[PDB]
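Content type CSV, N, CA and C atoms, from the file my_file.csv:
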```csv
chain,number,residue,atom,x,y,z
A,249,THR,N,-43.2,27.2,6.8
A,249,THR,CA,-44.4,27.2,5.9
A,249,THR,C,-45.7,27.6,6.6
A,250,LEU,N,-45.9,27.0,7.8
A,250,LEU,CA,-47.1,27.4,8.6
A,250,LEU,C,-47.0,28.9,9.1
A,251,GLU,N,-45.7,29.3,9.3
A,251,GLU,CA,-45.6,30.7,9.7
A,251,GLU,C,-45.9,31.7,8.6
A,252,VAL,N,-45.5,31.4,7.4
A,252,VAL,CA,-45.8,32.2,6.2
A,252,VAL,C,-47.3,32.1,5.9
A,253,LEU,N,-47.9,30.9,6.2
A,253,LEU,CA,-49.4,30.8,6.0
A,253,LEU,C,-50.1,31.7,7.0
A,254,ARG,N,-49.6,31.7,8.3
A,254,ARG,CA,-50.2,32.6,9.3
A,254,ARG,C,-50.1,34.1,8.9
A,255,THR,N,-48.9,34.5,8.5
A,255,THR,CA,-48.8,35.9,8.1
A,255,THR,C,-49.5,36.2,6.8
A,256,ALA,N,-49.9,35.2,6.1
A,256,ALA,CA,-50.7,35.4,4.9
A,256,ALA,C,-52.1,35.6,5.2
A,257,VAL,N,-52.7,34.7,6.0
A,257,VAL,CA,-54.1,34.9,6.4
A,257,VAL,C,-54.3,36.2,7.3
A,258,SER,N,-53.2,36.7,7.8
A,258,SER,CA,-53.3,37.9,8.7
A,258,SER,C,-53.8,39.2,8.0
A,259,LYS,N,-54.2,39.1,6.7
A,259,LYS,CA,-54.7,40.3,6.0
A,259,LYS,C,-55.9,40.0,5.3
A,260,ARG,N,-56.7,41.0,4.9
A,260,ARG,CA,-57.9,40.8,4.2
A,260,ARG,C,-57.6,40.6,2.7
A,261,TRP,N,-58.6,40.1,2.0
A,261,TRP,CA,-58.4,39.8,0.5
A,261,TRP,C,-59.7,40.2,-0.2
A,262,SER,N,-59.5,40.5,-1.5
A,262,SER,CA,-60.6,40.9,-2.4
A,262,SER,C,-61.6,39.7,-2.5
A,263,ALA,N,-61.1,38.5,-2.7
A,263,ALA,CA,-61.9,37.3,-3.0
A,263,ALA,C,-61.2,36.1,-2.4
A,264,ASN,N,-61.6,34.9,-2.9
A,264,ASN,CA,-61.0,33.7,-2.3
A,264,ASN,C,-59.7,33.3,-3.0
A,265,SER,N,-59.7,33.4,-4.4
A,265,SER,CA,-58.6,32.9,-5.1
A,265,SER,C,-57.3,33.7,-5.0
A,266,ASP,N,-57.5,35.0,-4.8
A,266,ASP,CA,-56.3,35.9,-4.7
A,266,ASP,C,-55.3,35.5,-3.6
A,267,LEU,N,-55.9,34.8,-2.5
A,267,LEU,CA,-55.0,34.3,-1.5
A,267,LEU,C,-54.1,33.2,-2.1
A,268,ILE,N,-54.7,32.3,-2.9
A,268,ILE,CA,-53.9,31.2,-3.5
A,268,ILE,C,-52.9,31.8,-4.5
A,269,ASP,N,-53.3,32.9,-5.2
A,269,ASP,CA,-52.3,33.6,-6.0
A,269,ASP,C,-51.1,34.1,-5.2
A,270,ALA,N,-51.5,34.7,-4.1
A,270,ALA,CA,-50.4,35.3,-3.2
A,270,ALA,C,-49.5,34.2,-2.7
A,271,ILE,N,-50.0,33.1,-2.3
A,271,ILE,CA,-49.2,32.0,-1.7
A,271,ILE,C,-48.3,31.4,-2.8
A,272,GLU,N,-48.8,31.1,-3.9
A,272,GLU,CA,-48.0,30.5,-5.0
A,272,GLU,C,-47.0,31.6,-5.5
A,273,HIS,N,-47.3,32.9,-5.4
A,273,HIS,CA,-46.4,33.9,-5.6
A,273,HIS,C,-45.2,33.9,-4.6
A,274,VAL,N,-45.5,33.6,-3.4
A,274,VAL,CA,-44.5,33.5,-2.4
A,274,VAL,C,-43.6,32.3,-2.7
A,275,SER,N,-44.2,31.2,-3.2
A,275,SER,CA,-43.4,30.0,-3.6
A,275,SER,C,-42.5,30.4,-4.7
A,276,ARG,N,-43.0,31.2,-5.7
A,276,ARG,CA,-42.1,31.6,-6.8
A,276,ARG,C,-41.0,32.5,-6.2
A,277,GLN,N,-41.3,33.4,-5.3
A,277,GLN,CA,-40.2,34.2,-4.8
A,277,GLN,C,-39.2,33.4,-4.0
A,278,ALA,N,-39.6,32.4,-3.4
A,278,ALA,CA,-38.7,31.5,-2.6
A,278,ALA,C,-37.8,30.7,-3.6
A,279,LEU,N,-38.4,30.1,-4.6
A,279,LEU,CA,-37.6,29.4,-5.6
A,279,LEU,C,-36.6,30.4,-6.3
A,280,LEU,N,-37.0,31.6,-6.6
A,280,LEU,CA,-36.1,32.5,-7.2
A,280,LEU,C,-35.0,33.0,-6.2
A,281,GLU,N,-35.3,33.0,-4.9
A,281,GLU,CA,-34.3,33.3,-3.9
A,281,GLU,C,-33.2,32.2,-3.8
A,282,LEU,N,-33.7,31.0,-3.8
A,282,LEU,CA,-32.8,29.8,-3.9
A,282,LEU,C,-31.9,29.9,-5.1
A,283,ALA,N,-32.5,30.3,-6.2
A,283,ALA,CA,-31.7,30.4,-7.4
A,283,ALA,C,-30.7,31.5,-7.4
A,284,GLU,N,-31.1,32.6,-6.7
A,284,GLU,CA,-30.2,33.8,-6.6
A,284,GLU,C,-29.0,33.5,-5.7
A,285,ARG,N,-29.2,32.8,-4.6
A,285,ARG,CA,-28.1,32.4,-3.8
A,285,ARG,C,-27.3,31.3,-4.4
A,286,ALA,N,-27.8,30.7,-5.5
A,286,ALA,CA,-27.0,29.7,-6.2
A,286,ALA,C,-26.2,30.2,-7.3
A,287,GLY,N,-26.2,31.5,-7.5
A,287,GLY,CA,-25.4,32.1,-8.6
A,287,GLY,C,-26.1,32.1,-10.0
A,288,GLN,N,-27.3,31.7,-10.1
A,288,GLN,CA,-28.1,31.7,-11.3
A,288,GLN,C,-29.0,32.8,-11.5
A,289,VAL,N,-28.6,34.0,-11.0
A,289,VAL,CA,-29.5,35.1,-10.8
A,289,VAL,C,-30.2,35.5,-12.0
A,290,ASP,N,-29.6,35.4,-13.2
A,290,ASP,CA,-30.3,35.8,-14.5
A,290,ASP,C,-30.5,34.6,-15.4
A,291,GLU,N,-29.7,33.5,-15.3
A,291,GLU,CA,-29.9,32.4,-16.2
A,291,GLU,C,-31.3,31.9,-16.1
A,292,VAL,N,-32.0,32.0,-15.0
A,292,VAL,CA,-33.4,31.6,-14.9
A,292,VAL,C,-34.2,32.4,-15.8
A,293,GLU,N,-33.9,33.7,-15.9
A,293,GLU,CA,-34.7,34.6,-16.8
A,293,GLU,C,-34.7,34.1,-18.2
A,294,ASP,N,-33.5,34.0,-18.8
A,294,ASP,CA,-33.4,33.6,-20.2
A,294,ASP,C,-34.0,32.2,-20.4
A,295,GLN,N,-33.8,31.3,-19.4
A,295,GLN,CA,-34.4,30.0,-19.4
A,295,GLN,C,-35.9,30.0,-19.6
A,296,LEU,N,-36.5,30.8,-18.7
A,296,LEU,CA,-38.0,30.9,-18.7
A,296,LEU,C,-38.4,31.5,-20.1
A,297,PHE,N,-37.7,32.6,-20.5
A,297,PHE,CA,-38.2,33.2,-21.8
A,297,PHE,C,-38.0,32.3,-23.0
A,298,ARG,N,-36.9,31.6,-23.1
A,298,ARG,CA,-36.7,30.7,-24.2
A,298,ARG,C,-37.7,29.6,-24.2
A,299,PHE,N,-38.0,29.0,-23.0
A,299,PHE,CA,-39.0,28.0,-22.9
A,299,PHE,C,-40.4,28.5,-23.3
A,300,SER,N,-40.6,29.8,-22.9
A,300,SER,CA,-41.9,30.4,-23.3
A,300,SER,C,-42.0,30.5,-24.8
A,301,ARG,N,-40.9,31.0,-25.5
A,301,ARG,CA,-41.0,31.1,-26.9
A,301,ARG,C,-41.0,29.7,-27.6
A,302,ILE,N,-40.5,28.7,-27.0
A,302,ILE,CA,-40.6,27.3,-27.5
A,302,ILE,C,-42.1,26.9,-27.4
A,303,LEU,N,-42.7,27.0,-26.2
A,303,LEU,CA,-44.1,26.6,-26.0
A,303,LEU,C,-45.0,27.5,-26.9
A,304,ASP,N,-44.6,28.7,-27.3
A,304,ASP,CA,-45.5,29.5,-28.1
A,304,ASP,C,-45.8,28.9,-29.4
A,305,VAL,N,-44.8,28.2,-30.0
A,305,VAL,CA,-44.9,27.7,-31.3
A,305,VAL,C,-45.9,26.5,-31.3
A,306,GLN,N,-46.0,25.7,-30.3
A,306,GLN,CA,-46.9,24.6,-30.2
A,306,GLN,C,-48.1,24.9,-29.4
A,307,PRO,N,-49.3,25.1,-30.1
A,307,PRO,CA,-50.5,25.3,-29.4
A,307,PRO,C,-51.0,24.0,-28.7
A,308,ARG,N,-50.7,22.8,-29.3
A,308,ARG,CA,-51.1,21.6,-28.7
A,308,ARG,C,-50.7,21.4,-27.3
A,309,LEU,N,-49.4,21.3,-27.1
A,309,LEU,CA,-48.8,21.2,-25.7
A,309,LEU,C,-49.3,22.4,-24.8
A,310,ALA,N,-49.3,23.6,-25.3
A,310,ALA,CA,-49.7,24.8,-24.6
A,310,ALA,C,-51.1,24.6,-24.0
A,311,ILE,N,-52.1,24.4,-24.8
A,311,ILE,CA,-53.4,24.3,-24.4
A,311,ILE,C,-53.7,23.1,-23.6
A,312,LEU,N,-53.2,21.9,-24.0
A,312,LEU,CA,-53.5,20.7,-23.2
A,312,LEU,C,-52.8,20.7,-21.9
A,313,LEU,N,-51.8,21.5,-21.7
A,313,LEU,CA,-51.3,21.7,-20.3
A,313,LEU,C,-52.3,22.5,-19.5
A,314,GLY,N,-53.3,23.2,-20.1
A,314,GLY,CA,-54.2,23.9,-19.4
A,314,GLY,C,-55.5,23.1,-19.1
A,315,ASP,N,-55.3,21.8,-18.9
A,315,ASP,CA,-56.4,20.9,-18.6
A,315,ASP,C,-57.0,21.1,-17.2
A,316,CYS,N,-58.1,21.8,-17.2
A,316,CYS,CA,-58.8,22.2,-15.9
A,316,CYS,C,-59.5,21.1,-15.2
A,317,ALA,N,-59.3,19.8,-15.7
A,317,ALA,CA,-59.9,18.7,-15.1
A,317,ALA,C,-59.0,17.5,-14.9
A,318,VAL,N,-58.0,17.4,-15.7
A,318,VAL,CA,-57.0,16.3,-15.5
A,318,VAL,C,-56.3,16.4,-14.2
A,319,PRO,N,-56.1,15.3,-13.5
A,319,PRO,CA,-55.4,15.4,-12.2
A,319,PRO,C,-54.1,16.2,-12.3
A,320,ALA,N,-53.8,17.0,-11.3
A,320,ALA,CA,-52.5,17.8,-11.4
A,320,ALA,C,-51.3,17.0,-11.5
A,321,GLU,N,-51.3,15.8,-10.9
A,321,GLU,CA,-50.3,14.8,-11.2
A,321,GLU,C,-50.2,14.4,-12.7
A,322,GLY,N,-51.3,14.4,-13.3
A,322,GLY,CA,-51.3,14.2,-14.8
A,322,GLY,C,-50.7,15.3,-15.5
A,323,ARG,N,-51.0,16.6,-15.0
A,323,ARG,CA,-50.4,17.7,-15.6
A,323,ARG,C,-48.8,17.7,-15.5
A,324,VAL,N,-48.4,17.4,-14.3
A,324,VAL,CA,-46.9,17.4,-14.0
A,324,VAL,C,-46.3,16.3,-14.8
A,325,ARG,N,-47.0,15.2,-15.0
A,325,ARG,CA,-46.5,14.1,-15.8
A,325,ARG,C,-46.3,14.6,-17.3
A,326,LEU,N,-47.3,15.3,-17.8
A,326,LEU,CA,-47.2,15.9,-19.1
A,326,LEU,C,-46.0,16.8,-19.2
A,327,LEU,N,-45.7,17.6,-18.2
A,327,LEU,CA,-44.6,18.5,-18.2
A,327,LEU,C,-43.2,17.7,-18.1
A,328,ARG,N,-43.2,16.6,-17.4
A,328,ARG,CA,-41.9,16.0,-17.0
A,328,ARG,C,-40.9,15.9,-18.1
A,329,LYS,N,-41.1,15.1,-19.1
A,329,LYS,CA,-40.0,14.8,-20.1
A,329,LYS,C,-40.0,15.8,-21.2
A,330,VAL,N,-41.1,16.4,-21.6
A,330,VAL,CA,-41.0,17.5,-22.5
A,330,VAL,C,-40.2,18.6,-22.0
A,331,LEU,N,-40.1,18.7,-20.6
A,331,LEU,CA,-39.1,19.6,-20.0
A,331,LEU,C,-37.8,18.9,-19.8
A,332,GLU,N,-37.8,17.7,-19.1
A,332,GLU,CA,-36.6,16.9,-18.8
A,332,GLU,C,-36.3,16.2,-20.1
A,333,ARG,N,-35.6,17.0,-21.0
A,333,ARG,CA,-35.2,16.5,-22.3
A,333,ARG,C,-33.6,16.5,-22.5
A,334,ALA,N,-33.0,17.6,-22.3
A,334,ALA,CA,-31.6,17.7,-22.7
A,334,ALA,C,-30.9,19.0,-22.0
A,335,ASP,N,-29.8,19.3,-22.5
A,335,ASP,CA,-29.1,20.6,-22.1
A,335,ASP,C,-30.0,21.8,-22.2
A,336,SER,N,-31.1,21.7,-23.0
A,336,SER,CA,-31.9,22.9,-23.2
A,336,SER,C,-32.6,23.3,-21.9
A,337,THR,N,-32.5,22.6,-20.8
A,337,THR,CA,-33.1,22.9,-19.5
A,337,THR,C,-32.1,22.7,-18.3
A,338,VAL,N,-30.8,23.0,-18.5
A,338,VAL,CA,-29.8,22.7,-17.5
A,338,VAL,C,-30.1,23.3,-16.2
A,339,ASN,N,-30.9,24.4,-16.1
A,339,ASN,CA,-31.2,25.0,-14.9
A,339,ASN,C,-31.9,24.1,-13.9
A,340,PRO,N,-31.5,24.0,-12.7
A,340,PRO,CA,-32.1,23.1,-11.7
A,340,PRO,C,-33.3,23.7,-10.9
A,341,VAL,N,-33.5,25.0,-11.0
A,341,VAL,CA,-34.6,25.6,-10.3
A,341,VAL,C,-35.8,25.8,-11.2
A,342,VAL,N,-35.6,26.0,-12.5
A,342,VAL,CA,-36.7,26.2,-13.4
A,342,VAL,C,-37.7,25.0,-13.4
A,343,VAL,N,-37.2,23.8,-13.2
A,343,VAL,CA,-38.0,22.7,-13.2
A,343,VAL,C,-39.1,22.8,-12.2
A,344,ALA,N,-38.8,23.2,-10.9
A,344,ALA,CA,-39.8,23.3,-9.9
A,344,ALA,C,-40.7,24.4,-10.2
A,345,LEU,N,-40.2,25.6,-10.7
A,345,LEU,CA,-41.1,26.7,-11.1
A,345,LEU,C,-42.1,26.2,-12.1
A,346,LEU,N,-41.7,25.7,-13.2
A,346,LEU,CA,-42.6,25.2,-14.3
A,346,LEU,C,-43.5,24.2,-13.8
A,347,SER,N,-43.0,23.3,-12.9
A,347,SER,CA,-43.9,22.3,-12.3
A,347,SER,C,-45.1,22.9,-11.5
B,5,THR,N,-31.4,28.2,-23.3
B,5,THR,CA,-31.1,27.3,-24.4
B,5,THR,C,-32.4,26.7,-25.0
B,6,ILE,N,-32.5,26.6,-26.3
B,6,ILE,CA,-33.8,26.1,-26.9
B,6,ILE,C,-33.5,24.7,-27.6
B,7,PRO,N,-34.4,23.8,-27.4
B,7,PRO,CA,-34.3,22.5,-28.1
B,7,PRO,C,-34.8,22.5,-29.5
B,8,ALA,N,-34.0,22.2,-30.5
B,8,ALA,CA,-34.4,22.1,-31.9
B,8,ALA,C,-34.4,20.7,-32.4
B,9,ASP,N,-34.4,19.7,-31.5
B,9,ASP,CA,-34.3,18.3,-31.8
B,9,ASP,C,-35.6,17.9,-32.7
B,10,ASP,N,-36.7,18.6,-32.4
B,10,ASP,CA,-37.9,18.3,-33.2
B,10,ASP,C,-38.4,16.9,-32.8
B,11,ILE,N,-37.8,16.4,-31.7
B,11,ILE,CA,-38.3,15.0,-31.2
B,11,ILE,C,-39.5,15.2,-30.3
B,12,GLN,N,-40.6,15.6,-30.9
B,12,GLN,CA,-41.8,15.8,-30.0
B,12,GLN,C,-42.5,14.5,-29.7
B,13,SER,N,-41.8,13.4,-29.9
B,13,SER,CA,-42.3,12.1,-29.5
B,13,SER,C,-42.8,12.2,-28.1
B,14,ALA,N,-42.2,13.0,-27.2
B,14,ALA,CA,-42.7,13.2,-25.8
B,14,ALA,C,-44.2,13.4,-25.9
B,15,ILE,N,-44.7,14.2,-26.8
B,15,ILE,CA,-46.2,14.4,-26.9
B,15,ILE,C,-46.8,13.0,-27.1
B,16,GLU,N,-46.3,12.3,-28.2
B,16,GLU,CA,-46.8,11.0,-28.4
B,16,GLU,C,-46.5,10.1,-27.2
B,17,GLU,N,-45.4,10.2,-26.5
B,17,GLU,CA,-45.1,9.5,-25.3
B,17,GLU,C,-46.3,9.7,-24.3
B,18,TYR,N,-46.9,10.8,-24.3
B,18,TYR,CA,-48.1,11.0,-23.5
B,18,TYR,C,-49.4,10.6,-24.2
B,19,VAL,N,-49.4,10.8,-25.6
B,19,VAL,CA,-50.5,10.4,-26.4
B,19,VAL,C,-50.6,8.9,-26.2
B,20,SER,N,-49.5,8.2,-26.2
B,20,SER,CA,-49.4,6.8,-25.9
B,20,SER,C,-49.7,6.4,-24.5
B,21,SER,N,-49.4,7.4,-23.6
B,21,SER,CA,-49.6,7.1,-22.1
B,21,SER,C,-51.1,6.9,-21.8
B,22,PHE,N,-52.0,7.7,-22.4
B,22,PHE,CA,-53.4,7.6,-22.2
B,22,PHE,C,-54.0,6.3,-22.8
B,29,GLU,N,-71.2,3.2,-19.2
B,29,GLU,CA,-70.0,3.5,-18.6
B,29,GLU,C,-70.0,4.9,-18.1
B,30,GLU,N,-70.5,5.9,-18.8
B,30,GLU,CA,-70.5,7.3,-18.4
B,30,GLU,C,-71.7,7.5,-17.5
B,31,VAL,N,-71.5,8.0,-16.3
B,31,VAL,CA,-72.5,8.4,-15.4
B,31,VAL,C,-72.3,9.8,-14.9
B,32,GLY,N,-73.4,10.6,-15.0
B,32,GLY,CA,-73.3,11.9,-14.4
B,32,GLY,C,-74.0,12.0,-13.1
B,33,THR,N,-73.9,13.1,-12.4
B,33,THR,CA,-74.4,13.3,-11.1
B,33,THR,C,-75.3,14.6,-11.1
B,34,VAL,N,-76.4,14.5,-10.4
B,34,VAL,CA,-77.3,15.7,-10.2
B,34,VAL,C,-76.6,16.6,-9.3
B,35,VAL,N,-76.5,17.9,-9.7
B,35,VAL,CA,-75.9,18.9,-8.8
B,35,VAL,C,-77.0,19.9,-8.3
B,36,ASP,N,-78.1,20.1,-9.0
B,36,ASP,CA,-79.2,20.8,-8.5
B,36,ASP,C,-80.4,20.4,-9.2
B,37,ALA,N,-81.6,20.5,-8.5
B,37,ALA,CA,-82.8,20.0,-9.1
B,37,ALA,C,-84.0,20.8,-8.4
B,38,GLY,N,-85.0,21.1,-9.2
B,38,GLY,CA,-86.2,21.7,-8.7
B,38,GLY,C,-87.2,22.1,-9.8
B,39,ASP,N,-88.5,21.9,-9.5
B,39,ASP,CA,-89.6,22.4,-10.3
B,39,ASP,C,-89.6,21.7,-11.7
B,40,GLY,N,-89.1,20.5,-11.8
B,40,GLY,CA,-89.0,19.8,-13.0
B,40,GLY,C,-87.8,20.0,-13.9
B,41,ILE,N,-86.8,20.6,-13.3
B,41,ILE,CA,-85.5,20.9,-14.0
B,41,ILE,C,-84.4,20.3,-13.1
B,42,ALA,N,-83.4,19.7,-13.8
B,42,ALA,CA,-82.2,19.3,-13.1
B,42,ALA,C,-81.0,19.7,-13.8
B,43,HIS,N,-79.9,19.8,-13.1
B,43,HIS,CA,-78.6,20.0,-13.7
B,43,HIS,C,-77.6,18.9,-13.4
B,44,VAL,N,-76.9,18.4,-14.4
B,44,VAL,CA,-76.2,17.1,-14.3
B,44,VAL,C,-74.7,17.4,-14.7
B,45,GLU,N,-73.8,17.3,-13.7
B,45,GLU,CA,-72.4,17.3,-13.9
B,45,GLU,C,-71.9,16.0,-14.5
B,46,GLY,N,-70.9,16.1,-15.3
B,46,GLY,CA,-70.3,14.9,-16.0
B,46,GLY,C,-71.0,14.7,-17.3
B,47,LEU,N,-71.0,13.4,-17.8
B,47,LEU,CA,-71.6,13.1,-19.0
B,47,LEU,C,-71.0,13.9,-20.2
B,48,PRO,N,-69.7,13.7,-20.5
B,48,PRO,CA,-69.1,14.5,-21.5
B,48,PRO,C,-69.6,14.3,-22.9
B,49,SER,N,-70.2,13.2,-23.2
B,49,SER,CA,-70.6,12.9,-24.6
B,49,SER,C,-72.1,12.8,-24.8
B,50,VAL,N,-72.9,13.5,-23.9
B,50,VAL,CA,-74.3,13.6,-24.2
B,50,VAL,C,-74.5,14.4,-25.5
```

So, in terms of structure tokens, how does the structure I just supplied come out?
Amino acid sequence: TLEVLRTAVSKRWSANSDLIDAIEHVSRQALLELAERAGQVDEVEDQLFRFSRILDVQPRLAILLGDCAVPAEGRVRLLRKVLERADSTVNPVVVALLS
Amino acid sequence: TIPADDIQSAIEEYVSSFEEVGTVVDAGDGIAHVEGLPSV
């Protein structure tokens, strides 16, 4: 992790936030690599899309997950059981991505 | 896979899960800016 942070700072950036975007993008790529070596190479895709279409119907959950002041632990608490519900989320990597 | 249980109690489970002072952030020339105080 510190090595990838080093090679991340090793380049210039347009602004401040773009670096955070790049690093969390790296985290996304790593979670997807873990899933790909796990044989779930495309199940993650349909899982993400179906959850997106589920969240699309409810604006309440959608917008209040975008709480720009509630503690991030509060946000992940919000996500926990509405995600951890049933067979509708059998994938074990999408949990960390969505978190 | 999509959940059609319609058991959105989860939202309520968080709805059920859940004095005012602000702070000066800049001041000058008779003007101040106050962060916080959501119900002014």

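Any residue of chain B with an atom no more than 6 Å from chain A counts as a contact; using only N, CA and C atoms, that gives residues 5, 6, 7 and 14 of chain B.
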
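From atom C of residue A:346 back to atom C of residue A:259, the distance works out to 27.7 Å.
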
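The two atoms in question, atom CA of residue A:344 and atom CA of residue A:289, are spaced 15.7 Å apart.
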
When you look at stretch 311-313 of chain A with a cut-off of 7 Å (counting only N, CA and C atoms), what residues show up, excluding the ones that are within fewer than 4 positions of it in the same chain? I need them as an mmCIF file with N, CA and C atoms, in the coordinates of the input.
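Printed below is selection-v6.cif as written:
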```cif
data_model
loop_
_atom_site.group_PDB
_atom_site.id
_atom_site.type_symbol
_atom_site.label_atom_id
_atom_site.label_comp_id
_atom_site.auth_asym_id
_atom_site.auth_seq_id
_atom_site.Cartn_x
_atom_site.Cartn_y
_atom_site.Cartn_z
ATOM 1 N N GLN A 306 -46.000 25.700 -30.300
ATOM 2 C CA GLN A 306 -46.900 24.600 -30.200
ATOM 3 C C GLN A 306 -48.100 24.900 -29.400
ATOM 4 N N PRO A 307 -49.300 25.100 -30.100
ATOM 5 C CA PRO A 307 -50.500 25.300 -29.400
ATOM 6 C C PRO A 307 -51.000 24.000 -28.700
ATOM 7 N N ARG A 323 -51.000 16.600 -15.000
ATOM 8 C CA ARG A 323 -50.400 17.700 -15.600
ATOM 9 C C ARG A 323 -48.800 17.700 -15.500
#
```

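When atom CA of residue B:33 is paired with atom CA of residue B:46, their separation reads 6.6 Å.
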
- Query: So which bits of chain B end up strand (DSSP E or B) when you DSSP the backbone, as a PyMOL selection string?
  - Reply: chain B and resi 33-38+41-45

- Can you pull out every residue within 7 Å of residue B:35, counting only N, CA and C atoms, but drop anything in the same chain fewer than 2 positions away, and send it as a ChimeraX atom specification? /B:33,37,42-45

- Non-local contacts of residue B:47 (10 Å; only C-alpha atoms; under 3 positions in same chain excluded) as an NGL selection string: :B and (29-33 or 44 or 50)

Hey, can you spit out that residue selection with N, CA and C atoms as a CSV table (one decimal), keeping the file's coordinate frame?
```
chain,number,residue,atom,x,y,z
B,29,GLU,N,-71.2,3.2,-19.2
B,29,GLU,CA,-70.0,3.5,-18.6
B,29,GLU,C,-70.0,4.9,-18.1
B,30,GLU,N,-70.5,5.9,-18.8
B,30,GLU,CA,-70.5,7.3,-18.4
B,30,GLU,C,-71.7,7.5,-17.5
B,31,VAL,N,-71.5,8.0,-16.3
B,31,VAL,CA,-72.5,8.4,-15.4
B,31,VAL,C,-72.3,9.8,-14.9
B,32,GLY,N,-73.4,10.6,-15.0
B,32,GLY,CA,-73.3,11.9,-14.4
B,32,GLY,C,-74.0,12.0,-13.1
B,33,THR,N,-73.9,13.1,-12.4
B,33,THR,CA,-74.4,13.3,-11.1
B,33,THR,C,-75.3,14.6,-11.1
B,44,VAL,N,-76.9,18.4,-14.4
B,44,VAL,CA,-76.2,17.1,-14.3
B,44,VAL,C,-74.7,17.4,-14.7
B,50,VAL,N,-72.9,13.5,-23.9
B,50,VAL,CA,-74.3,13.6,-24.2
B,50,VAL,C,-74.5,14.4,-25.5
```

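Considering only chain B, backbone DSSP assigns helix (DSSP H, G or I) to residues 13, 14, 15, 16, 17, 18 and 19 of chain B.
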